[PDB]
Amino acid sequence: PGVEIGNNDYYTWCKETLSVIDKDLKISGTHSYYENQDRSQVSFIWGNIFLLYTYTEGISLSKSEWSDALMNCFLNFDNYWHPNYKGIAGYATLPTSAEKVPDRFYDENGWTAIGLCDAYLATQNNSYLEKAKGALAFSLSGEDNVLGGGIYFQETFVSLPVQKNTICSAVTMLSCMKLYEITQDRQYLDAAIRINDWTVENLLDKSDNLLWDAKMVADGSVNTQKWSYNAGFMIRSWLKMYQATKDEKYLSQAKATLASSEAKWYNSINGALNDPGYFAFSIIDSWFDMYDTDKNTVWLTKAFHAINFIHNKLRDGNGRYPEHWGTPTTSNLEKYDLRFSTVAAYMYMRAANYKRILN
């Protein structure tokens, strides 16, 4: 790992990235962010989730440097919280309030629940755990026996056909496992197992152990598009299920899917990940989880090599990041959205933490 981690100051790289994000996208006088370079709409929740993940990981490096930033982000997330729409609370894709009709997604709630669980673990702040539980309850309310199980993409389908989605399974499973570890409430473990059983039966390709995208409710047809994050969030879930149950099937499945994910998406020679960054980061988090599992530094070698590539080859001359992680940047970006640089910041903070753990 030291060959790749060398003199690379991941922590500084993270602060650098955050500084550029704030300059470009923080809405003057607030702790909220614009969606993109046009600075014309408040950001969708997703890009803010990477900031939540970043500040949370920051606590492991310095509680005093990052606690306020994390709290300010949590308070910004309150702008997206709906306390009761049609009988249930949950986060919306855009800012909302009790008197407005929100557009809510079961996946967004799971992504957020993961970050809030980690924020609670880092700080022991009860308000973070309250919202983690509430976000996860929202995601779990999207599960029913249509298609025999699984979770809808979204609460209010308009243009998209009604469908149940691997990402919704996967982030809900991981959230369940994180809350199981915190609360020791077996209902969370049982939910993860139930959702996993459905997901493996319906959306896992047995030929390569990768995950299809979604199953359509109308006719049960499968969108067979393979995305990195559908593998990655399943891997992270399975590793927690392995720790909880001691059933080796979960570890074997995680290892099989991770190997196939590396073969499909990872160029180990240069470090490039051939998918959108806001998806492919999940393979890097899988590597970190593998190191936590088996303490084999090969997994950190991969992670640091991929993160070095992001800094050395994707970062443009203005300190901005592209959507996709597959190819070096050769000219400066004119367009960008919040998620592109926030996922990079998150990776840098993760790398900083593991460098610290090693040294």
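Residue indices: 1-based, along the sequence shown.
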query	finding
Comparing 340-348 with 9-17, the one whose average Cα B-factor in the PDB entry is higher	9-17
101-109 set against 265-273, stretch whose average Cα temperature factor tops the other in the entry	265-273
Top Cα B factor in the deposited entry, candidates 36, 54, 330, 48	330
Residue selected from 218, 151, 192, 234 by maximal Cα B factor	218
CA B-factor ranking of residue 212, expressed as a third of its chain	middle
Chain third (lowest, middle, highest) by recorded CA B-factor, residue given as residue 162	highest
CA B-factor placement of residue 251, once the chain's modelled residues are sorted into thirds	highest
CA B-factor placement of residue 206, once the chain's modelled residues are sorted into thirds	highest
Ranked C-alpha temperature factor of residue 127 among modelled chain residues, by third	middle
